[PDB]
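model_9.pdb, holding PDB, C-alpha atoms (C1' of nucleotides):
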```pdb
MODEL        1
ATOM      1  CA  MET A   1      25.995  20.236  66.525  1.00  0.00           C
ATOM      2  CA  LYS A   2      24.093  21.138  63.358  1.00  0.00           C
ATOM      3  CA  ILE A   3      25.405  21.293  59.794  1.00  0.00           C
ATOM      4  CA  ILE A   4      26.177  24.177  57.439  1.00  0.00           C
ATOM      5  CA  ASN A   5      23.955  24.692  54.398  1.00  0.00           C
ATOM      6  CA  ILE A   6      25.386  24.122  50.919  1.00  0.00           C
ATOM      7  CA  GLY A   7      24.385  25.819  47.673  1.00  0.00           C
ATOM      8  CA  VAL A   8      24.464  24.595  44.081  1.00  0.00           C
ATOM      9  CA  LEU A   9      25.048  27.401  41.582  1.00  0.00           C
ATOM     10  CA  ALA A  10      24.969  25.344  38.385  1.00  0.00           C
ATOM     11  CA  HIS A  11      24.931  28.348  36.048  1.00  0.00           C
ATOM     12  CA  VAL A  12      24.158  27.811  32.359  1.00  0.00           C
ATOM     13  CA  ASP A  13      22.735  24.315  32.892  1.00  0.00           C
ATOM     14  CA  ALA A  14      25.807  23.134  34.802  1.00  0.00           C
ATOM     15  CA  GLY A  15      24.015  19.942  35.826  1.00  0.00           C
ATOM     16  CA  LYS A  16      25.279  20.440  39.370  1.00  0.00           C
ATOM     17  CA  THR A  17      22.053  19.050  40.837  1.00  0.00           C
ATOM     18  CA  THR A  18      23.043  15.683  39.380  1.00  0.00           C
ATOM     19  CA  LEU A  19      26.273  16.144  41.320  1.00  0.00           C
ATOM     20  CA  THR A  20      24.038  16.679  44.346  1.00  0.00           C
ATOM     21  CA  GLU A  21      22.386  13.356  43.532  1.00  0.00           C
ATOM     22  CA  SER A  22      25.692  11.518  43.187  1.00  0.00           C
ATOM     23  CA  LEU A  23      26.752  13.167  46.441  1.00  0.00           C
ATOM     24  CA  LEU A  24      23.509  11.802  47.863  1.00  0.00           C
ATOM     25  CA  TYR A  25      24.697   8.395  46.669  1.00  0.00           C
ATOM     26  CA  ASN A  26      28.164   8.719  48.206  1.00  0.00           C
ATOM     27  CA  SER A  27      26.610   9.742  51.523  1.00  0.00           C
ATOM     28  CA  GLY A  28      24.475   6.606  51.438  1.00  0.00           C
ATOM     29  CA  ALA A  29      23.103   4.276  52.081  1.00  0.00           C
ATOM     30  CA  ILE A  30      22.554   2.242  53.966  1.00  0.00           C
ATOM     31  CA  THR A  31      19.367   1.618  51.983  1.00  0.00           C
ATOM     32  CA  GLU A  32      19.156   3.621  48.758  1.00  0.00           C
ATOM     33  CA  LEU A  33      18.899   3.040  45.007  1.00  0.00           C
ATOM     34  CA  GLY A  34      22.048   5.061  44.350  1.00  0.00           C
ATOM     35  CA  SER A  35      20.140   7.048  41.734  1.00  0.00           C
ATOM     36  CA  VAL A  36      20.297   6.612  37.958  1.00  0.00           C
ATOM     37  CA  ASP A  37      21.018   8.461  34.712  1.00  0.00           C
ATOM     38  CA  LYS A  38      18.639  11.356  34.066  1.00  0.00           C
ATOM     39  CA  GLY A  39      15.599  11.590  36.331  1.00  0.00           C
ATOM     40  CA  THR A  40      15.864   9.729  38.403  1.00  0.00           C
ATOM     41  CA  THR A  41      15.084  10.594  42.023  1.00  0.00           C
ATOM     42  CA  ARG A  42      17.611  13.007  43.535  1.00  0.00           C
ATOM     43  CA  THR A  43      14.796  14.818  45.350  1.00  0.00           C
ATOM     44  CA  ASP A  44      13.198  15.754  42.022  1.00  0.00           C
ATOM     45  CA  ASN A  45       9.865  15.849  43.856  1.00  0.00           C
ATOM     46  CA  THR A  46       7.259  17.464  41.603  1.00  0.00           C
ATOM     47  CA  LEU A  47       6.141  15.928  38.309  1.00  0.00           C
ATOM     48  CA  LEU A  48       6.932  17.773  35.079  1.00  0.00           C
ATOM     49  CA  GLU A  49      10.368  18.517  36.517  1.00  0.00           C
ATOM     50  CA  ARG A  50      12.291  15.299  35.882  1.00  0.00           C
ATOM     51  CA  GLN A  51       9.966  14.687  32.939  1.00  0.00           C
ATOM     52  CA  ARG A  52      10.930  18.132  31.648  1.00  0.00           C
ATOM     53  CA  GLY A  53      14.618  17.251  31.855  1.00  0.00           C
ATOM     54  CA  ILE A  54      15.222  20.025  34.382  1.00  0.00           C
ATOM     55  CA  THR A  55      13.922  21.103  37.794  1.00  0.00           C
ATOM     56  CA  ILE A  56      11.180  23.742  37.743  1.00  0.00           C
ATOM     57  CA  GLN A  57      12.233  24.953  41.195  1.00  0.00           C
ATOM     58  CA  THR A  58      14.943  24.544  43.834  1.00  0.00           C
ATOM     59  CA  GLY A  59      14.592  21.477  46.043  1.00  0.00           C
ATOM     60  CA  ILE A  60      16.009  20.242  49.338  1.00  0.00           C
ATOM     61  CA  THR A  61      17.529  17.027  50.684  1.00  0.00           C
ATOM     62  CA  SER A  62      18.830  15.968  54.095  1.00  0.00           C
ATOM     63  CA  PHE A  63      22.279  14.368  54.052  1.00  0.00           C
ATOM     64  CA  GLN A  64      25.125  13.389  56.369  1.00  0.00           C
ATOM     65  CA  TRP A  65      28.876  12.886  56.014  1.00  0.00           C
ATOM     66  CA  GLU A  66      31.953  13.068  58.248  1.00  0.00           C
ATOM     67  CA  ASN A  67      29.636  12.690  61.251  1.00  0.00           C
ATOM     68  CA  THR A  68      27.763  15.922  60.507  1.00  0.00           C
ATOM     69  CA  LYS A  69      24.607  17.229  58.821  1.00  0.00           C
ATOM     70  CA  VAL A  70      24.924  18.389  55.211  1.00  0.00           C
ATOM     71  CA  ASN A  71      21.830  20.031  53.719  1.00  0.00           C
ATOM     72  CA  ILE A  72      21.993  20.976  50.035  1.00  0.00           C
ATOM     73  CA  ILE A  73      19.718  22.390  47.341  1.00  0.00           C
ATOM     74  CA  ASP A  74      19.610  22.353  43.547  1.00  0.00           C
ATOM     75  CA  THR A  75      19.537  23.558  41.042  1.00  0.00           C
ATOM     76  CA  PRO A  76      17.546  26.681  39.967  1.00  0.00           C
ATOM     77  CA  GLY A  77      20.414  27.613  37.636  1.00  0.00           C
ATOM     78  CA  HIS A  78      18.180  27.078  34.611  1.00  0.00           C
ATOM     79  CA  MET A  79      16.906  30.089  32.654  1.00  0.00           C
ATOM     80  CA  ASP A  80      15.045  31.871  33.722  1.00  0.00           C
ATOM     81  CA  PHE A  81      13.101  32.356  36.955  1.00  0.00           C
ATOM     82  CA  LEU A  82      16.460  32.302  38.737  1.00  0.00           C
ATOM     83  CA  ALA A  83      15.192  34.764  41.345  1.00  0.00           C
ATOM     84  CA  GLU A  84      14.005  31.838  43.460  1.00  0.00           C
ATOM     85  CA  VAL A  85      17.635  30.723  43.485  1.00  0.00           C
ATOM     86  CA  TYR A  86      18.414  34.192  44.811  1.00  0.00           C
ATOM     87  CA  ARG A  87      15.821  33.418  47.475  1.00  0.00           C
ATOM     88  CA  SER A  88      17.828  30.265  48.157  1.00  0.00           C
ATOM     89  CA  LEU A  89      20.771  32.438  49.204  1.00  0.00           C
ATOM     90  CA  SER A  90      18.812  33.408  52.311  1.00  0.00           C
ATOM     91  CA  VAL A  91      18.229  29.697  52.921  1.00  0.00           C
ATOM     92  CA  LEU A  92      21.914  28.784  53.240  1.00  0.00           C
ATOM     93  CA  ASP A  93      25.335  30.249  54.027  1.00  0.00           C
ATOM     94  CA  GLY A  94      27.370  27.904  51.831  1.00  0.00           C
ATOM     95  CA  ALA A  95      27.839  27.638  48.072  1.00  0.00           C
ATOM     96  CA  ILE A  96      29.291  25.327  45.418  1.00  0.00           C
ATOM     97  CA  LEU A  97      29.369  26.566  41.818  1.00  0.00           C
ATOM     98  CA  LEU A  98      29.718  23.941  39.082  1.00  0.00           C
ATOM     99  CA  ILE A  99      32.245  25.349  36.610  1.00  0.00           C
ATOM    100  CA  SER A 100      31.826  24.303  32.977  1.00  0.00           C
ATOM    101  CA  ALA A 101      34.660  22.836  30.912  1.00  0.00           C
ATOM    102  CA  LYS A 102      33.400  24.989  28.039  1.00  0.00           C
ATOM    103  CA  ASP A 103      35.435  28.208  27.917  1.00  0.00           C
ATOM    104  CA  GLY A 104      35.583  28.457  31.704  1.00  0.00           C
ATOM    105  CA  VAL A 105      32.560  29.424  33.786  1.00  0.00           C
ATOM    106  CA  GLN A 106      29.346  30.093  31.862  1.00  0.00           C
ATOM    107  CA  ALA A 107      28.436  33.757  31.396  1.00  0.00           C
TER
ATOM    108  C1'   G B   1     -25.467   1.746  -6.626  1.00  0.00           C
ATOM    109  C1'   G B   2     -25.314   5.952 -10.902  1.00  0.00           C
ATOM    110  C1'   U B   3     -26.672   7.180 -15.988  1.00  0.00           C
ATOM    111  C1'   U B   4     -30.321   6.006 -20.333  1.00  0.00           C
ATOM    112  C1'   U B   5     -36.562   1.015 -21.424  1.00  0.00           C
ATOM    113  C1'   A B   6     -41.423   0.037 -20.147  1.00  0.00           C
ATOM    114  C1'   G B   7     -44.735   1.235 -13.671  1.00  0.00           C
ATOM    115  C1'   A B   8     -45.612   5.384 -10.095  1.00  0.00           C
ATOM    116  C1'   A B   9     -45.260  10.248  -7.849  1.00  0.00           C
ATOM    117  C1'   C B  10     -43.746  15.507  -6.598  1.00  0.00           C
ATOM    118  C1'   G B  11     -42.098  20.347  -8.209  1.00  0.00           C
ATOM    119  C1'   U B  12     -42.407  22.880 -12.785  1.00  0.00           C
ATOM    120  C1'   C B  13     -43.879  23.554 -18.167  1.00  0.00           C
ATOM    121  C1'   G B  14     -47.870  22.682 -21.612  1.00  0.00           C
ATOM    122  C1'   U B  15     -55.236  23.501 -23.463  1.00  0.00           C
ATOM    123  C1'   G B  16     -53.575  18.522 -23.749  1.00  0.00           C
ATOM    124  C1'   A B  17     -50.947  13.969 -25.285  1.00  0.00           C
ATOM    125  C1'   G B  18     -46.673  14.411 -22.638  1.00  0.00           C
ATOM    126  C1'   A B  19     -41.842  16.852 -21.029  1.00  0.00           C
ATOM    127  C1'   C B  20     -37.682  18.272 -17.541  1.00  0.00           C
ATOM    128  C1'   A B  21     -28.308  16.143 -16.950  1.00  0.00           C
ATOM    129  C1'   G B  22     -34.998  18.404 -11.585  1.00  0.00           C
ATOM    130  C1'   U B  23     -36.001  14.948  -7.640  1.00  0.00           C
ATOM    131  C1'   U B  24     -38.056  10.376  -5.756  1.00  0.00           C
ATOM    132  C1'   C B  25     -39.473   4.560  -5.480  1.00  0.00           C
ATOM    133  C1'   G B  26     -39.298  -0.099  -8.428  1.00  0.00           C
ATOM    134  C1'   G B  27     -36.735  -2.666 -12.100  1.00  0.00           C
ATOM    135  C1'   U B  28     -34.319 -10.102 -16.562  1.00  0.00           C
ATOM    136  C1'   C B  29     -25.941  -8.026 -17.153  1.00  0.00           C
ATOM    137  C1'   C B  30     -25.722 -14.271 -22.425  1.00  0.00           C
ATOM    138  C1'   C B  31     -21.470 -17.065 -24.355  1.00  0.00           C
ATOM    139  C1'   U B  32     -18.861 -24.807 -23.683  1.00  0.00           C
ATOM    140  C1'   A B  33     -12.452 -20.729 -25.826  1.00  0.00           C
ATOM    141  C1'   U B  34     -10.598 -22.486 -32.487  1.00  0.00           C
ATOM    142  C1'   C B  35      -6.501 -18.942 -32.948  1.00  0.00           C
ATOM    143  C1'   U B  36      -3.030 -15.269 -30.545  1.00  0.00           C
ATOM    144  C1'   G B  37      -1.419 -14.502 -25.595  1.00  0.00           C
ATOM    145  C1'   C B  38      -0.169 -16.232 -20.782  1.00  0.00           C
ATOM    146  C1'   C B  39       0.178 -20.236 -16.531  1.00  0.00           C
ATOM    147  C1'   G B  40       1.502 -25.059 -16.247  1.00  0.00           C
ATOM    148  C1'   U B  41       2.551 -30.064 -18.032  1.00  0.00           C
ATOM    149  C1'   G B  42       3.853 -33.598 -21.655  1.00  0.00           C
ATOM    150  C1'   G B  43       4.660 -36.584 -26.426  1.00  0.00           C
ATOM    151  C1'   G B  44       7.873 -36.515 -31.393  1.00  0.00           C
ATOM    152  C1'   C B  45      12.169 -35.713 -33.277  1.00  0.00           C
ATOM    153  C1'   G B  46      16.920 -33.517 -33.276  1.00  0.00           C
ATOM    154  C1'   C B  47      21.765 -32.876 -31.027  1.00  0.00           C
ATOM    155  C1'   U B  48      24.471 -37.934 -36.066  1.00  0.00           C
ATOM    156  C1'   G B  49      26.874 -45.437 -32.722  1.00  0.00           C
ATOM    157  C1'   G B  50      23.506 -46.373 -28.534  1.00  0.00           C
ATOM    158  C1'   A B  51      22.678 -45.782 -23.203  1.00  0.00           C
ATOM    159  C1'   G B  52      22.898 -44.014 -17.854  1.00  0.00           C
ATOM    160  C1'   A B  53      24.399 -40.055 -14.964  1.00  0.00           C
ATOM    161  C1'   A B  54      26.701 -35.536 -13.375  1.00  0.00           C
ATOM    162  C1'   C B  55      27.552 -30.713 -13.756  1.00  0.00           C
ATOM    163  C1'   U B  56      29.025 -26.203 -17.006  1.00  0.00           C
ATOM    164  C1'   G B  57      26.434 -22.084 -18.055  1.00  0.00           C
ATOM    165  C1'   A B  58      24.802 -18.529 -22.868  1.00  0.00           C
ATOM    166  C1'   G B  59      20.427 -16.529 -21.279  1.00  0.00           C
ATOM    167  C1'   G B  60      15.897 -15.545 -18.488  1.00  0.00           C
ATOM    168  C1'   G B  61      13.189 -14.767 -13.808  1.00  0.00           C
ATOM    169  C1'   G B  62      12.555 -13.791  -8.465  1.00  0.00           C
ATOM    170  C1'   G B  63      14.228 -10.677  -4.416  1.00  0.00           C
ATOM    171  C1'   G B  64      15.766  -5.187  -3.289  1.00  0.00           C
ATOM    172  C1'   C B  65      10.544  -1.556   1.574  1.00  0.00           C
ATOM    173  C1'   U B  66      11.154   0.719   5.995  1.00  0.00           C
ATOM    174  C1'   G B  67       9.827   2.284  11.478  1.00  0.00           C
ATOM    175  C1'   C B  68      11.398   2.751  16.093  1.00  0.00           C
ATOM    176  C1'   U B  69      14.709   2.166  20.450  1.00  0.00           C
ATOM    177  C1'   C B  70      19.414   2.225  22.273  1.00  0.00           C
ATOM    178  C1'   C B  71      24.586   3.178  21.864  1.00  0.00           C
ATOM    179  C1'   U B  72      28.086   6.978  19.745  1.00  0.00           C
ATOM    180  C1'   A B  73      26.103  11.436  23.024  1.00  0.00           C
ATOM    181  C1'   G B  74      23.196  14.733  25.694  1.00  0.00           C
ATOM    182  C1'   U B  75      28.667  15.016  22.440  1.00  0.00           C
ATOM    183  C1'   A B  76      29.329  18.670  17.914  1.00  0.00           C
ATOM    184  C1'   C B  77      25.812  23.092  17.566  1.00  0.00           C
ATOM    185  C1'   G B  78      23.541  26.716  20.800  1.00  0.00           C
ATOM    186  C1'   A B  79      23.092  32.427  25.485  1.00  0.00           C
ATOM    187  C1'   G B  80      19.483  28.876  26.938  1.00  0.00           C
ATOM    188  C1'   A B  81      15.724  25.991  24.804  1.00  0.00           C
TER
ENDMDL
END
```
Can the structure from this file be put into C-alpha cells for me?
Amino acid sequence: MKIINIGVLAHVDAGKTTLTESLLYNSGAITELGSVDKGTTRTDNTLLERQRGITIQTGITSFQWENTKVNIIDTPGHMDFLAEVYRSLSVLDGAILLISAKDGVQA
RNA sequence: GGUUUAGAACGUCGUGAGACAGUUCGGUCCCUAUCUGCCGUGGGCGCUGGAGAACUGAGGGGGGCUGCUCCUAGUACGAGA
C-alpha cells in the first residue's frame, strides 16, 4: 500500500543528495526539469543552502517507482550538526550510504 | 589658489611710527623665434651617359597591458571547510 522510507548517509560530503536528485529525475517526469549541475532544485528548499554549496538541514521529497511510494531524505552528512540526521533515523526505516572512492568509506 | 608690493581689519607686541612663516579680505603673469633642438615638408647637387620604374635592405621607429568567466575539475590537496 504505502512505501518504505529511504535514508541518505552521505558521510564526509558524499554528495549522495545529488544522487537523490538524479533519482528524482529517473523517477520522473512526466513534467520536470530533470535537475542540473550544482543547485539546482532537488528539494533544496531554503535559501543559503544551495547558495552555500551544501544543505543546511535534511530535506524531504515524495517519489514513486515500480508502482510504489519512495520517500527519501538528504543529506545532513555535512559537518557538523549531524544530530538532525540522527533525528532522521526515527523518520525512516531504510538507509543508503554513499561510499566514497577515496580509500573506501569516509571515516 | 599659496608665498613675498602698495588698501583694510583682528589677535598680539610697541609710548608711538609700525611689526608678527599669526590670521583674514582685495589685488596689472610681457616677448613677432636668429641659432640649437624637435615635428613635418621641400629645393640643389651627388651617386659619374641620360631617363622611367621596381624592389633589396644596412639602419631607425612603432607595438608588447591585463581582468573576468568557463572548461580541465570540484579533480590534485584537505578530517571537513
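For the residues A:98, A:70, A:10, A:105, ranking by smallest atom-to-atom distance to residue 58 of chain A using all atoms listed in the file places A:10 first.
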Explicit residue set for the PyMOL selection byres ((chain B) within 12 of (chain A)), as a PyMOL selection string: chain B and resi 74+78-81
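Compared by their closest atoms to residue 23 of chain A, and using all atoms listed in the file, the residues A:2, A:11, A:42, A:87 rank with A:42 nearest.
If you measure from each of A:88, A:48, A:55, A:18 to residue 34 of chain A using all atoms listed in the file, the closest one turns out to be A:18.
Nearest-residue note for residue 39 of chain A: choosing from A:54, A:100, A:27, A:7, the minimum distance belongs to A:54, counting all atoms listed in the file.
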Neighbours of residue 81 of chain A within 12 Å (only C-alpha atoms (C1' of nucleotides); same-chain residues fewer than 4 positions away dropped), as a ChimeraX atom specification? /A:55-58,75-77,85-87
Go ahead and find all residues with at least one atom no further than 9 Å from (19.1, 13.0, 52.5) in the file's coordinates, using only C-alpha atoms (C1' of nucleotides); report them as a CSV table (one decimal) with C-alpha atoms, keeping the file's coordinate frame.
```csv
chain,number,residue,atom,x,y,z
A,24,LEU,CA,23.5,11.8,47.9
A,27,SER,CA,26.6,9.7,51.5
A,28,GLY,CA,24.5,6.6,51.4
A,43,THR,CA,14.8,14.8,45.4
A,60,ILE,CA,16.0,20.2,49.3
A,61,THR,CA,17.5,17.0,50.7
A,62,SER,CA,18.8,16.0,54.1
A,63,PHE,CA,22.3,14.4,54.1
A,64,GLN,CA,25.1,13.4,56.4
A,70,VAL,CA,24.9,18.4,55.2
A,71,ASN,CA,21.8,20.0,53.7
A,72,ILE,CA,22.0,21.0,50.0
```
